[PDB]
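Residue numbers (PDB author numbering), protein chains in the order written: chain D, 40 to 139; chain A, 40 to 139; chain B, 40 to 89.
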Amino acid sequence: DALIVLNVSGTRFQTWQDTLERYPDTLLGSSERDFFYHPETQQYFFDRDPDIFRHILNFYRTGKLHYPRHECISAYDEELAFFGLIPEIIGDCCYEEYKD
Amino acid sequence: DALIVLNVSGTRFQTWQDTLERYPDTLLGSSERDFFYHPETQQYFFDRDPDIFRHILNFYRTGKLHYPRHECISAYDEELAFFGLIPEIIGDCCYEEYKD
Amino acid sequence: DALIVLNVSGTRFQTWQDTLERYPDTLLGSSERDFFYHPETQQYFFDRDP
């Protein structure tokens with residue numbers, strides 16, 4: 040029973056190994072996180088926008104992702120492409136409004 | 040009393056013990072808070088997003104809660120279910136807005 | 040030249056004395072902040088919505 044502290048260009052978060060590494064297909068669930076890991080400070084630094092990463096954390100928490108309404112799409116698209124998320128699992132209502 | 044420094048999937052929050060205990064029938068008021076107690080780190084990890092936790096703490100502050108207009112309802116009702124919070128207590132104007 | 044760290048039910052912030060105490064009419068600019076001050080932790084705790 041261990042949880043790690045990972046920071047994304049500022050605000051940090053606490054994640055369990057099983058929750059974060061249950062989707063090996065995405066870069067988050069692979070070993071590339073160790074590339075972003077910084078053992079010198081015991082932190083996993085991603086250096087990205089610290090609001091969409093929160094949505095990705097909620098998605099991994101529940102298995103379903105939602106799209107922020109005030110973060111637009113040309114900021115959401117870049118984050119979902121950099122993080123390698125699947126854009127076809129982002130909720131049901133949120134999927135429709137994001138597509139619209 | 041004491042301002043317990045607890046973080047919920049990221050940033051931390053502190054609030055008095057009695058203010059937390061004003062709703063003992065809820066998960067936080069009852070002994071489930073001790074079940075989430077982490078004496079090794081002196082925090083109460085809920086594995087829940089801090090955004091909805093802010094509204095939950097606002098509810099534990101007073102007799103009224105408010106629902107923001109932007110975030111999706113699904114995650115909000117999920118957080119309501121996990122915290123054991125009743126859904127017919129979420130303000131009055133915000134209640135009808137959530138209803139529609 | 041000194042700035043204080045004040046926390047409001049969680050997330051904390053850094054404020055200069057002149058900026059925070061330039062409006063004495065409001066409770067923030069008065070001495071009641073010392074009532075919310077916690078010298079035991081060197082923090083000014085308000086415990087409100089952040």
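C-beta: ideal position from N, C-alpha, C; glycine also.
Shown here, residue 56(B) sits in a helix according to DSSP, grouped into three states. Using a Cβ-Cβ cut-off of 8 Å, residue 109(A) counts as an interface residue toward chain D, since at least one Cβ of chain D sits closer than that to its own.
Contact check for residue 111(A) against residue 105(D) passes: the beta carbons are separated by less than 8 Å. Taking 7 Å as the cut-off between beta carbons, none of the residues of the region 78 to 92 of chain D comes near chain A. Taking 8 Å as the CB threshold, residue 65(B) stays off the interface with chain A. Boundaries for residue 91(A): no beta strand (DSSP E) harbours it, while the alpha helix (DSSP H) harbouring it runs 89 to 100, taken from the DSSP string. Ranked by Cα distance from residue 137(A), the first of 43(A), 88(A), 122(A) and 113(A) is 113(A). When 7 Å is used as the limit between beta carbons, residue 135(A) is near no residue of chain D, the shortest such separation being about 19 Å.
Rounded to the nearest angstrom, the gap between the Cα atoms of residue 72(D) and residue 44(B) is 33 Å. In this structure, residue 53(B) keeps its C-beta atom at 8 Å or more from the C-beta atom of residue 67(B). Per the DSSP secondary-structure output, residue 43(D) pairs in a beta bridge with 54(D).
For residue 68(A) against residue 62(A), the beta-carbon gap comes to about 5 Å, under 8 Å, which counts as contact. In this structure, residue 59(A) sits near residue 99(A), with a CB-CB distance shorter than 8 Å. With 16 or more neighbouring CB atoms inside 10 Å of its own CB, residue 133(D) falls in the buried class.
Secondary structure at residue 77(B): strand, using DSSP grouped into helix, strand and coil. The beta carbons of residue 65(A) and residue 121(A) sit no closer together than 8 Å. Interface criterion not met: the Cβ of residue 61(A) is under 8 Å from no Cβ in chain B. In this structure, residue 57(A) sits away from residue 73(A), with a CB-CB distance that is not shorter than 8 Å.
Counting only Cβ-Cβ distances below 9 Å, residue 53(A) has contacts in chain B at 46, 48, 49, 84 and 86, in chain order.
Secondary structure of residue 84(D) (DSSP, three-state): strand. Residue 61(A) carries a coil assignment under DSSP once its states are collapsed to helix, strand and coil. Annotation for residue 138(D): the continuous alpha helix (DSSP H) segment containing it runs 132 to 138. Distance check between residue 75(D) and each of 107(D), 47(D) and 102(D) places 47(D) closest, using alpha-carbon atoms only.
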